[PDB]
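**Q** My structure is in start26.cif, and what it holds is mmCIF, C-alpha atoms and all ligand atoms:
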data_input
#
loop_
_atom_site.label_atom_id
_atom_site.label_comp_id
_atom_site.auth_asym_id
_atom_site.auth_seq_id
_atom_site.Cartn_x
_atom_site.Cartn_y
_atom_site.Cartn_z
CA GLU A 62 -17.66 -41.38 -52.81
CA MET A 63 -14.18 -40.58 -54.16
CA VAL A 64 -14.71 -41.45 -57.81
CA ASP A 65 -15.13 -38.34 -59.93
CA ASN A 66 -13.96 -35.98 -57.18
CA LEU A 67 -11.76 -33.96 -59.56
CA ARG A 68 -12.75 -31.16 -61.90
CA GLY A 69 -10.82 -28.78 -64.10
CA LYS A 70 -10.51 -26.85 -67.31
CA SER A 71 -8.11 -28.00 -70.02
CA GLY A 72 -4.58 -26.70 -69.58
CA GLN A 73 -5.47 -25.24 -66.19
CA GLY A 74 -4.92 -28.13 -63.80
CA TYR A 75 -7.21 -30.58 -62.00
CA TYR A 76 -8.60 -29.66 -58.60
CA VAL A 77 -10.22 -31.33 -55.62
CA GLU A 78 -12.53 -29.83 -53.01
CA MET A 79 -10.99 -29.26 -49.59
CA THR A 80 -11.76 -27.41 -46.39
CA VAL A 81 -9.36 -25.47 -44.17
CA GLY A 82 -9.90 -23.95 -40.74
CA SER A 83 -12.71 -24.01 -38.17
CA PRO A 84 -15.45 -23.63 -39.07
CA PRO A 85 -14.51 -25.18 -42.45
CA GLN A 86 -13.82 -22.80 -45.31
CA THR A 87 -14.33 -24.56 -48.64
CA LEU A 88 -11.69 -24.17 -51.33
CA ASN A 89 -10.83 -25.90 -54.58
CA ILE A 90 -7.22 -27.05 -54.57
CA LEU A 91 -5.13 -28.00 -57.61
CA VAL A 92 -3.67 -31.52 -57.28
CA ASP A 93 0.06 -31.33 -58.02
CA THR A 94 2.42 -34.32 -57.94
CA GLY A 95 5.24 -32.03 -59.10
CA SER A 96 5.66 -30.00 -55.91
CA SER A 97 5.40 -30.45 -52.15
CA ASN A 98 3.85 -27.34 -50.62
CA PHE A 99 0.20 -26.98 -49.63
CA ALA A 100 -0.65 -23.34 -50.33
CA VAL A 101 -3.86 -21.34 -50.58
CA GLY A 102 -4.82 -17.83 -51.59
CA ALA A 103 -5.23 -15.94 -48.32
CA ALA A 104 -5.77 -12.41 -49.61
CA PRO A 105 -7.84 -10.76 -52.36
CA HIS A 106 -6.62 -11.27 -55.92
CA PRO A 107 -8.30 -10.37 -59.24
CA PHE A 108 -8.64 -14.05 -60.21
CA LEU A 109 -9.79 -15.42 -56.84
CA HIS A 110 -13.51 -15.95 -56.14
CA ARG A 111 -12.77 -16.76 -52.50
CA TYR A 112 -9.75 -17.09 -50.22
CA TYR A 113 -8.55 -18.43 -46.87
CA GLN A 114 -9.37 -16.02 -44.04
CA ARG A 115 -7.08 -16.88 -41.15
CA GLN A 116 -8.86 -14.53 -38.75
CA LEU A 117 -12.06 -16.58 -39.01
CA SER A 118 -10.39 -19.86 -38.05
CA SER A 119 -10.07 -20.59 -34.32
CA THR A 120 -7.66 -23.45 -35.00
CA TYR A 121 -5.17 -21.53 -37.16
CA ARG A 122 -1.63 -21.19 -35.80
CA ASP A 123 0.93 -18.79 -37.31
CA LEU A 124 4.40 -20.31 -37.72
CA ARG A 125 6.04 -16.87 -37.93
CA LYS A 126 7.97 -17.84 -41.04
CA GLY A 127 7.69 -16.57 -44.60
CA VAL A 128 7.91 -18.77 -47.70
CA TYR A 129 8.51 -18.22 -51.42
CA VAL A 130 7.84 -20.76 -54.17
CA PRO A 131 8.84 -20.28 -57.84
CA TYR A 132 7.48 -22.91 -60.23
CA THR A 133 8.32 -23.29 -63.92
CA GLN A 134 5.28 -21.10 -64.46
CA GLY A 135 4.26 -18.60 -61.81
CA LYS A 136 5.38 -17.89 -58.27
CA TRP A 137 3.91 -16.92 -54.92
CA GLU A 138 4.93 -15.77 -51.48
CA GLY A 139 3.12 -16.26 -48.22
CA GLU A 140 3.14 -16.89 -44.50
CA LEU A 141 3.45 -20.39 -43.05
CA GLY A 142 1.05 -21.70 -40.45
CA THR A 143 -0.98 -24.77 -39.56
CA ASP A 144 -4.69 -25.49 -39.43
CA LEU A 145 -7.16 -28.36 -39.70
CA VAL A 146 -7.78 -29.70 -43.20
CA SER A 147 -10.30 -32.14 -44.66
CA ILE A 148 -11.26 -33.61 -48.03
CA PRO A 149 -15.08 -33.82 -48.31
CA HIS A 150 -15.00 -36.35 -51.15
CA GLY A 151 -12.02 -38.30 -49.87
CA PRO A 152 -11.28 -40.22 -46.66
CA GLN A 153 -13.48 -38.90 -43.86
CA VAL A 154 -10.64 -37.73 -41.64
CA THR A 155 -9.42 -34.37 -40.37
CA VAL A 156 -5.73 -33.55 -40.17
CA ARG A 157 -3.61 -30.68 -38.92
CA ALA A 158 -1.31 -29.69 -41.75
CA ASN A 159 1.16 -27.02 -42.79
CA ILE A 160 -0.47 -24.37 -44.95
CA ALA A 161 1.19 -21.52 -46.81
CA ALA A 162 -1.12 -18.51 -46.81
CA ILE A 163 -0.43 -16.81 -50.15
CA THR A 164 -0.32 -13.03 -49.75
CA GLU A 165 1.31 -12.08 -53.04
CA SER A 166 1.68 -13.88 -56.37
CA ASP A 167 2.87 -13.44 -59.95
CA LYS A 168 1.28 -15.30 -62.88
CA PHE A 169 0.23 -18.15 -60.60
CA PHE A 170 -3.55 -17.87 -60.28
CA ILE A 171 -5.42 -18.34 -63.55
CA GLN A 172 -8.44 -16.34 -64.70
CA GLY A 173 -11.42 -18.71 -64.82
CA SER A 174 -9.67 -21.81 -63.45
CA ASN A 175 -11.94 -22.16 -60.42
CA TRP A 176 -9.20 -23.20 -58.01
CA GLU A 177 -7.76 -21.13 -55.15
CA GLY A 178 -4.79 -23.16 -53.95
CA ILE A 179 -2.38 -26.00 -54.66
CA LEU A 180 -1.73 -29.36 -53.00
CA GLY A 181 1.87 -30.47 -53.45
CA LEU A 182 1.81 -34.26 -53.24
CA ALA A 183 5.55 -34.93 -53.72
CA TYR A 184 8.19 -35.45 -51.04
CA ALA A 185 9.63 -33.15 -48.37
CA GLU A 186 12.97 -33.01 -50.15
CA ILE A 187 11.58 -30.33 -52.49
CA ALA A 188 9.32 -28.51 -50.01
CA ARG A 189 10.12 -24.85 -49.38
CA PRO A 190 11.61 -23.28 -47.34
CA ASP A 191 13.26 -26.63 -46.62
CA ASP A 192 12.61 -30.34 -46.08
CA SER A 193 11.52 -29.93 -42.46
CA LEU A 194 8.18 -28.53 -43.65
CA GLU A 195 6.15 -31.74 -43.65
CA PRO A 196 4.02 -32.13 -46.82
CA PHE A 197 0.28 -32.71 -46.53
CA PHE A 198 0.21 -36.34 -47.61
CA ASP A 199 2.89 -37.22 -45.06
CA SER A 200 0.73 -35.55 -42.41
CA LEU A 201 -2.36 -37.42 -43.63
CA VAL A 202 -0.58 -40.78 -43.37
CA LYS A 203 0.94 -40.06 -39.95
CA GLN A 204 -2.27 -38.83 -38.35
CA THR A 205 -4.77 -41.29 -39.81
CA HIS A 206 -4.73 -44.92 -40.93
CA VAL A 207 -4.78 -44.05 -44.63
CA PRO A 208 -2.47 -46.39 -46.59
CA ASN A 209 0.63 -44.62 -47.92
CA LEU A 210 -0.60 -44.56 -51.53
CA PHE A 211 -2.82 -42.54 -53.87
CA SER A 212 -3.93 -42.81 -57.47
CA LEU A 213 -4.94 -40.32 -60.14
CA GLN A 214 -7.30 -40.80 -63.04
CA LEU A 215 -7.19 -37.60 -65.07
CA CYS A 216 -9.66 -37.32 -67.91
CA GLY A 217 -9.83 -35.00 -70.90
CA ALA A 229 -13.37 -26.98 -71.60
CA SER A 230 -14.42 -28.72 -68.38
CA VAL A 231 -12.53 -31.89 -67.47
CA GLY A 232 -12.82 -34.33 -64.60
CA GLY A 233 -11.37 -37.40 -62.97
CA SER A 234 -10.69 -39.11 -59.67
CA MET A 235 -8.09 -38.96 -56.95
CA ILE A 236 -8.33 -42.16 -54.95
CA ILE A 237 -6.67 -41.65 -51.61
CA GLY A 238 -5.27 -44.65 -49.79
CA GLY A 239 -5.87 -47.26 -52.46
CA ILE A 240 -6.58 -48.50 -55.96
CA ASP A 241 -10.04 -48.44 -57.53
CA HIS A 242 -10.05 -51.32 -60.00
CA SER A 243 -13.15 -49.97 -61.75
CA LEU A 244 -10.97 -47.10 -62.97
CA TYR A 245 -8.68 -49.14 -65.22
CA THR A 246 -8.62 -52.14 -67.52
CA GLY A 247 -5.79 -54.54 -68.31
CA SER A 248 -2.65 -54.86 -66.18
CA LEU A 249 -0.90 -52.31 -63.98
CA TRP A 250 2.79 -51.91 -64.83
CA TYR A 251 5.15 -50.44 -62.24
CA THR A 252 8.25 -48.32 -62.71
CA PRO A 253 10.58 -47.61 -59.75
CA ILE A 254 10.64 -44.22 -58.06
CA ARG A 255 14.32 -43.57 -58.55
CA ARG A 256 14.57 -40.96 -55.82
CA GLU A 257 12.06 -39.59 -53.35
CA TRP A 258 11.89 -35.87 -54.05
CA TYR A 259 9.90 -35.34 -57.20
CA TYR A 260 8.25 -38.53 -58.35
CA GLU A 261 11.34 -39.28 -60.43
CA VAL A 262 11.31 -42.16 -62.90
CA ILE A 263 13.54 -43.40 -65.75
CA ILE A 264 12.71 -43.43 -69.47
CA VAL A 265 14.77 -46.03 -71.33
CA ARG A 266 13.47 -45.70 -74.88
CA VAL A 267 11.40 -43.31 -77.00
CA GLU A 268 9.75 -44.20 -80.31
CA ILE A 269 7.76 -42.04 -82.70
CA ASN A 270 5.47 -44.19 -84.85
CA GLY A 271 7.49 -47.27 -83.97
CA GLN A 272 10.77 -45.60 -84.93
CA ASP A 273 13.35 -45.44 -82.15
CA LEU A 274 14.73 -41.93 -81.60
CA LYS A 275 18.13 -43.59 -81.23
CA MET A 276 19.70 -41.57 -78.42
CA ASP A 277 21.92 -42.55 -75.53
CA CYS A 278 19.09 -43.21 -73.11
CA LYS A 279 20.58 -40.83 -70.51
CA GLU A 280 19.53 -38.01 -72.83
CA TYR A 281 15.90 -38.86 -72.06
CA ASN A 282 16.50 -38.24 -68.36
CA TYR A 283 18.74 -35.16 -68.38
CA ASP A 284 18.74 -34.08 -65.72
CA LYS A 285 15.73 -35.98 -64.37
CA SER A 286 12.36 -37.31 -65.48
CA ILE A 287 9.28 -36.69 -63.34
CA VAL A 288 5.57 -37.44 -63.26
CA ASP A 289 3.78 -34.14 -62.72
CA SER A 290 0.01 -33.58 -62.66
CA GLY A 291 0.61 -29.86 -62.10
CA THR A 292 2.35 -29.26 -65.44
CA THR A 293 0.20 -29.39 -68.60
CA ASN A 294 2.66 -30.45 -71.29
CA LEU A 295 5.05 -33.24 -72.00
CA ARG A 296 8.28 -31.30 -71.51
CA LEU A 297 11.42 -32.70 -73.09
CA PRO A 298 15.13 -31.86 -72.82
CA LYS A 299 16.20 -29.73 -75.78
CA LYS A 300 18.04 -32.50 -77.63
CA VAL A 301 15.11 -34.89 -77.28
CA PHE A 302 12.55 -32.18 -78.04
CA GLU A 303 14.28 -31.28 -81.31
CA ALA A 304 14.52 -34.92 -82.38
CA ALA A 305 10.87 -35.46 -81.47
CA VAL A 306 9.68 -32.42 -83.41
CA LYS A 307 11.66 -33.51 -86.46
CA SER A 308 10.15 -37.00 -86.31
CA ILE A 309 6.60 -35.70 -85.82
CA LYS A 310 6.97 -33.16 -88.63
CA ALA A 311 8.12 -35.91 -90.98
CA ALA A 312 5.21 -38.17 -90.03
CA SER A 313 2.76 -35.31 -90.57
CA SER A 314 4.52 -33.89 -93.64
CA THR A 315 1.37 -34.18 -95.76
CA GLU A 316 0.48 -30.89 -94.08
CA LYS A 317 2.87 -28.05 -93.28
CA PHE A 318 2.42 -25.98 -90.15
CA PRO A 319 4.04 -22.68 -89.18
CA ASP A 320 7.14 -23.09 -87.02
CA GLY A 321 5.18 -21.11 -84.44
CA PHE A 322 2.81 -24.04 -83.95
CA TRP A 323 5.70 -26.35 -83.08
CA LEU A 324 6.94 -23.79 -80.54
CA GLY A 325 3.53 -23.68 -78.88
CA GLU A 326 3.04 -20.05 -79.85
CA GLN A 327 0.15 -20.64 -82.23
CA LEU A 328 -3.03 -22.71 -82.57
CA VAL A 329 -3.75 -25.04 -85.45
CA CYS A 330 -7.41 -25.28 -86.43
CA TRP A 331 -9.50 -27.43 -88.73
CA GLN A 332 -13.18 -27.25 -89.65
CA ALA A 333 -15.26 -28.71 -86.82
CA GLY A 334 -15.00 -32.48 -86.66
CA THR A 335 -12.37 -32.86 -89.38
CA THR A 336 -9.11 -32.94 -87.40
CA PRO A 337 -6.68 -35.17 -89.39
CA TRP A 338 -5.72 -37.38 -86.43
CA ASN A 339 -4.26 -40.07 -88.68
CA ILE A 340 -1.38 -37.97 -90.04
CA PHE A 341 0.04 -37.49 -86.53
CA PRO A 342 2.20 -40.25 -85.00
CA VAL A 343 1.90 -42.13 -81.74
CA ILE A 344 4.64 -41.51 -79.19
CA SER A 345 5.83 -44.48 -77.12
CA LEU A 346 7.62 -43.84 -73.84
CA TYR A 347 9.36 -46.91 -72.43
CA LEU A 348 9.72 -46.83 -68.64
CA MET A 349 12.23 -48.79 -66.56
CA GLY A 350 10.74 -51.99 -65.20
CA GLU A 351 11.02 -53.66 -61.80
CA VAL A 352 13.45 -56.27 -63.15
CA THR A 353 16.91 -55.72 -64.61
CA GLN A 354 16.88 -54.58 -68.25
CA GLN A 355 13.10 -55.00 -68.51
CA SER A 356 10.70 -52.19 -69.40
CA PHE A 357 7.13 -51.44 -70.42
CA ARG A 358 5.77 -48.74 -72.72
CA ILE A 359 2.92 -46.27 -72.59
CA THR A 360 1.63 -45.00 -75.92
CA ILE A 361 0.49 -41.42 -76.44
CA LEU A 362 -1.94 -40.55 -79.27
CA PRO A 363 -2.23 -37.09 -80.87
CA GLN A 364 -5.56 -36.74 -79.08
CA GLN A 365 -3.38 -36.28 -76.00
CA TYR A 366 -0.46 -34.14 -77.20
CA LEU A 367 -2.60 -31.88 -79.36
CA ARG A 368 -4.50 -30.06 -76.62
CA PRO A 369 -7.92 -28.60 -77.52
CA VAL A 370 -8.30 -24.90 -76.81
CA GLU A 371 -11.95 -24.07 -76.12
CA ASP A 372 -13.03 -20.66 -77.38
CA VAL A 373 -16.53 -19.75 -78.49
CA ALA A 374 -15.13 -17.27 -81.03
CA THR A 375 -13.23 -20.02 -82.88
CA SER A 376 -15.94 -22.63 -82.44
CA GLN A 377 -16.77 -23.06 -86.12
CA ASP A 378 -13.47 -24.97 -85.89
CA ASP A 379 -11.63 -27.30 -83.55
CA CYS A 380 -8.33 -25.66 -82.57
CA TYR A 381 -5.33 -27.13 -80.74
CA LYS A 382 -2.05 -26.22 -79.10
CA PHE A 383 1.01 -28.44 -79.51
CA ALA A 384 1.40 -29.68 -75.94
CA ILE A 385 5.00 -30.84 -76.19
CA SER A 386 7.60 -28.26 -75.28
CA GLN A 387 11.26 -27.77 -74.53
CA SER A 388 12.71 -28.02 -71.03
CA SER A 389 16.07 -27.17 -69.48
CA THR A 390 15.20 -28.99 -66.25
CA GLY A 391 14.54 -32.49 -67.53
CA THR A 392 11.58 -34.48 -68.81
CA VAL A 393 8.15 -33.72 -67.42
CA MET A 394 5.36 -36.20 -68.01
CA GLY A 395 2.60 -33.70 -67.39
CA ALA A 396 -1.19 -33.87 -67.41
CA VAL A 397 -1.64 -34.56 -71.15
CA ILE A 398 0.55 -37.63 -70.68
CA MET A 399 -1.28 -38.85 -67.55
CA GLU A 400 -4.69 -38.33 -69.17
CA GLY A 401 -6.33 -41.58 -70.21
CA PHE A 402 -4.07 -43.57 -67.88
CA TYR A 403 -4.68 -44.69 -64.32
CA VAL A 404 -1.57 -43.71 -62.42
CA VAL A 405 -0.81 -45.18 -59.02
CA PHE A 406 1.61 -43.33 -56.76
CA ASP A 407 2.65 -46.22 -54.54
CA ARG A 408 4.81 -44.44 -51.99
CA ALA A 409 4.78 -47.48 -49.69
CA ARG A 410 6.68 -49.58 -52.24
CA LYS A 411 8.54 -46.73 -53.96
CA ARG A 412 6.93 -47.37 -57.35
CA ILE A 413 4.63 -45.76 -59.93
CA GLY A 414 2.05 -47.91 -61.70
CA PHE A 415 0.42 -47.25 -65.07
CA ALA A 416 -2.70 -48.83 -66.53
CA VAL A 417 -5.17 -48.01 -69.27
CA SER A 418 -7.85 -45.74 -67.84
CA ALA A 419 -11.63 -46.09 -68.00
CA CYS A 420 -11.59 -42.72 -69.78
CA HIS A 421 -8.76 -43.64 -72.15
CA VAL A 422 -8.19 -41.98 -75.51
CA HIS A 423 -8.71 -43.75 -78.83
CA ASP A 424 -10.34 -43.66 -82.22
CA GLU A 425 -11.32 -46.63 -84.37
CA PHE A 426 -7.77 -47.26 -85.59
CA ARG A 427 -5.56 -46.69 -82.53
CA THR A 428 -5.76 -46.61 -78.75
CA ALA A 429 -3.62 -45.55 -75.80
CA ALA A 430 -1.94 -48.60 -74.29
CA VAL A 431 0.28 -49.81 -71.45
CA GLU A 432 2.16 -52.95 -72.44
CA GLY A 433 5.16 -55.10 -71.68
CA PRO A 434 7.48 -56.66 -70.88
CA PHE A 435 10.21 -55.45 -73.23
CA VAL A 436 13.87 -56.46 -72.86
CA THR A 437 17.00 -54.43 -73.60
CA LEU A 438 20.48 -55.88 -74.15
CA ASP A 439 22.31 -52.60 -73.55
CA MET A 440 23.00 -52.80 -69.82
CA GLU A 441 23.74 -49.08 -69.50
CA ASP A 442 22.01 -47.13 -66.75
CA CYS A 443 19.68 -44.54 -68.26
CA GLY A 444 19.69 -42.43 -65.11
CA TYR A 445 21.58 -39.19 -65.60
CA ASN A 446 23.28 -39.06 -62.20
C1 LIG A 501 -1.50 -25.65 -65.15
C2 LIG A 501 -0.78 -24.29 -65.26
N1 LIG A 501 0.12 -24.30 -66.43
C3 LIG A 501 -0.56 -23.99 -67.72
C4 LIG A 501 0.35 -23.77 -68.92
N2 LIG A 501 1.76 -24.16 -68.76
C5 LIG A 501 2.54 -23.87 -69.98
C6 LIG A 501 3.01 -25.05 -70.82
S1 LIG A 501 3.95 -26.18 -69.84
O1 LIG A 501 3.05 -27.15 -69.28
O2 LIG A 501 5.10 -26.63 -70.58
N3 LIG A 501 4.59 -25.28 -68.50
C7 LIG A 501 5.84 -24.47 -68.61
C8 LIG A 501 3.75 -24.97 -67.40
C9 LIG A 501 4.28 -25.30 -66.12
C10 LIG A 501 3.47 -25.28 -64.98
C11 LIG A 501 4.05 -25.57 -63.67
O3 LIG A 501 5.09 -25.05 -63.28
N4 LIG A 501 3.26 -26.31 -62.83
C12 LIG A 501 3.60 -26.44 -61.41
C13 LIG A 501 2.30 -26.26 -60.58
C14 LIG A 501 1.48 -25.02 -60.97
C15 LIG A 501 0.06 -25.18 -61.09
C16 LIG A 501 -0.76 -24.07 -61.48
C17 LIG A 501 -0.15 -22.80 -61.74
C18 LIG A 501 1.28 -22.62 -61.62
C19 LIG A 501 2.10 -23.73 -61.24
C20 LIG A 501 4.37 -27.73 -61.06
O4 LIG A 501 4.47 -27.89 -59.64
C21 LIG A 501 5.80 -27.69 -61.56
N5 LIG A 501 6.49 -28.95 -61.18
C22 LIG A 501 7.92 -28.91 -61.58
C23 LIG A 501 8.66 -27.80 -60.83
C24 LIG A 501 9.49 -26.89 -61.56
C25 LIG A 501 10.17 -25.83 -60.88
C26 LIG A 501 10.02 -25.70 -59.47
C27 LIG A 501 9.21 -26.60 -58.72
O5 LIG A 501 9.14 -26.37 -57.34
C28 LIG A 501 8.35 -27.23 -56.51
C29 LIG A 501 8.52 -27.67 -59.41
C30 LIG A 501 2.10 -24.95 -65.08
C31 LIG A 501 1.50 -24.61 -66.36
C32 LIG A 501 2.34 -24.61 -67.54
#
Could the structure of this file be written out as structure tokens, please?
Ligand SMILES: CCN1CCN2CCS(=O)(=O)N(C)c3cc(C(=O)N[C@@H](Cc4ccccc4)[C@H](O)CNCc4cccc(OC)c4)cc1c32

**A**
Amino acid sequence: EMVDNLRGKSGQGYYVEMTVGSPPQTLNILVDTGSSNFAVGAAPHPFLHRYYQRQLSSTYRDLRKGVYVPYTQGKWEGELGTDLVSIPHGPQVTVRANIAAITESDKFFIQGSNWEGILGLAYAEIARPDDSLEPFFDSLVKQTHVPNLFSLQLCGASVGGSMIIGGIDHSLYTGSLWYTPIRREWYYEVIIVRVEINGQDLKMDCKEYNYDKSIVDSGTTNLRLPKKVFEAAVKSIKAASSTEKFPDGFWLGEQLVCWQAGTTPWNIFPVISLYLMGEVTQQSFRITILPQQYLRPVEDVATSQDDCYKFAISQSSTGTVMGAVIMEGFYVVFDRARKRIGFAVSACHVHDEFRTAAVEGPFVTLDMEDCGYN
């Protein structure tokens, strides 16, 4: 039914099948917890196989309002309207939703990605043009009896996974679910209270980890870190991996590292532990990230005598982003109803014979400081 209803290509987002208009036009839509607009290509573009044709939908209504959305990467502009929307491999309901018909774009659509639009699953507070444009999931919950919750199991060229709408599929994770509070309903903002690289605390004032916010974002590929944290992390990872020396360009994400097929030296790269604020005062839990996650494979037939990777941790000036490579191998529950995000080990979790991704707790901290930046 809903299990395995996501596809994708590495570094290019995960998408779900949707239909818009009447009769239904089928489109693949990138699932994005880091924005709040539902938008679809609605005019020819070199990288689009198909696009939303408003003239062929009897139920389309123009809202006579333009909209512009700049992301960290890429931007588009379009015309707002509403139409009927469904998810073939989700709940069997049909909802009228706001849709931005994209008429121009810059570095947004990706050659070969196989998606034609984006589903912003965050809150109205960051919807453009403003917060009166009701996001899709809000519309879904208002117009049907779907529980106000969804979960994402992203798995690691072709990738897959599941978006479970309205509930939690227990066959998709093992162990316990640990919940961290949604600090504010705009992005899915959370609080990181501690960061360790191979068990070694980075030793920063914990507000540094959340300057100016930390978010959980399926629509961004990398773990993005504030400059101060990024530099400390790179130094610690370099030192752990010092048995091999890589060009500075690798660490900046401007260059691949490759090894002969099957011989990637996983064991010289450290695990990264991110401790998230718990549901009880001064308690936390950690999720552990292996190099199989933060060294992202770049598929290319020309380089295929080797396995090559990009360093999927990069610097941010807009706060921490726990992107797709962080979510991969975890089952992540976006529990809007109880303003919390849950993490558990995924059915498709990453591991070799020495180490595995984990979600564990509780941990206690004596420093009663608030790690939230504002
Ligand atoms: C999947 C496409 N992709 C591939 C590569 N990289 C590059 C490395 S990276 O992950 O560090 N990074 C900068 C990158 C950043 C983004 C990126 O901005 N993704 C957006 C969705 C999106 C999906 C497909 C194409 C273009 C954009 C999120 O929505 C942003 N969420 C935070 C945010 C920021 C600013 C405004 C805003 O408004 C709502 C929201 C995407 C990539 C990369």

**Q** For ligand LIG 501 (chain A), list the contacting residues at 9 Å or closer, counting only C-alpha atoms and all ligand atoms, as a VMD selection string.

**A** chain A and resid 71 to 75 91 to 98 130 to 136 168 to 171 178 to 179 181 183 187 to 189 259 287 to 296 325 384 to 388 390 393 395 to 397

**Q** Using all atoms listed in the file, which of A:446, A:418, A:376, A:153 sits nearest residue 242 (chain A)?

**A**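 Residue with the minimum atom-to-atom distance to residue 242 (chain A): A:418.
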
**Q** Please identify all polymer residues within 12 Å of region 319-321 of chain A, counting all atoms listed in the file, omitting same-chain residues fewer than 2 positions from it, and present them as an mmCIF file with C-alpha atoms, in the coordinates of the input.

**A**
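part24.cif written:
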data_model
loop_
_atom_site.group_PDB
_atom_site.id
_atom_site.type_symbol
_atom_site.label_atom_id
_atom_site.label_comp_id
_atom_site.auth_asym_id
_atom_site.auth_seq_id
_atom_site.Cartn_x
_atom_site.Cartn_y
_atom_site.Cartn_z
ATOM 1 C CA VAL A 306 9.680 -32.420 -83.410
ATOM 2 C CA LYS A 307 11.660 -33.510 -86.460
ATOM 3 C CA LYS A 310 6.970 -33.160 -88.630
ATOM 4 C CA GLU A 316 0.480 -30.890 -94.080
ATOM 5 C CA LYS A 317 2.870 -28.050 -93.280
ATOM 6 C CA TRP A 323 5.700 -26.350 -83.080
ATOM 7 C CA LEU A 324 6.940 -23.790 -80.540
ATOM 8 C CA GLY A 325 3.530 -23.680 -78.880
ATOM 9 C CA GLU A 326 3.040 -20.050 -79.850
ATOM 10 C CA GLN A 327 0.150 -20.640 -82.230
ATOM 11 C CA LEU A 328 -3.030 -22.710 -82.570
ATOM 12 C CA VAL A 329 -3.750 -25.040 -85.450
ATOM 13 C CA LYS A 382 -2.050 -26.220 -79.100
ATOM 14 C CA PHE A 383 1.010 -28.440 -79.510
ATOM 15 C CA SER A 386 7.600 -28.260 -75.280
#

**Q** May I have the residues within 7 Å of residue 162 (chain A) as a ChimeraX atom specification, using all atoms listed in the file and disregarding those fewer than 5 positions away in the same chain?

**A** /A:100-103,139-141

**Q** Between CA of residue 217 (chain A) and CA of residue 401 (chain A), what is the distance, to one decimal in Å?

**A** 7.5 Å

**Q** May I have a table of the residues of region 155-283 of chain A lying at most 8 Å from region 342-356 of chain A, giving each one's closest pair of atoms and their distance in Å to one decimal, counting only C-alpha atoms, ordered by chain and ascending residue number, as CSV?

**A**
residue,atom,partner,partner_atom,distance
A:250,CA,A:350,CA,8.0
A:251,CA,A:350,CA,6.5
A:252,CA,A:350,CA,5.1
A:253,CA,A:351,CA,6.4
A:262,CA,A:348,CA,7.6
A:263,CA,A:349,CA,5.6
A:264,CA,A:348,CA,4.6
A:265,CA,A:347,CA,5.6
A:266,CA,A:347,CA,4.9
A:267,CA,A:346,CA,5.0
A:268,CA,A:345,CA,5.1
A:269,CA,A:344,CA,4.7
A:270,CA,A:342,CA,5.1
A:271,CA,A:345,CA,7.6

**Q** Take CA of residue 378 (chain A) and CA of residue 429 (chain A) and report the distance between them in Å, one decimal.

**A**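 For CA of residue 378 (chain A) relative to CA of residue 429 (chain A), the distance reads 24.9 Å.
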
**Q** In Å to one decimal, how far is CA of residue 159 (chain A) from CA of residue 115 (chain A)?

**A** 13.2 Å

**Q** Return the single residue from A:406, A:322, A:357, A:260 that is closest to residue 186 (chain A), with distances computed using only C-alpha atoms.

**A**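 Residue with the minimum atom-to-atom distance to residue 186 (chain A): A:260.
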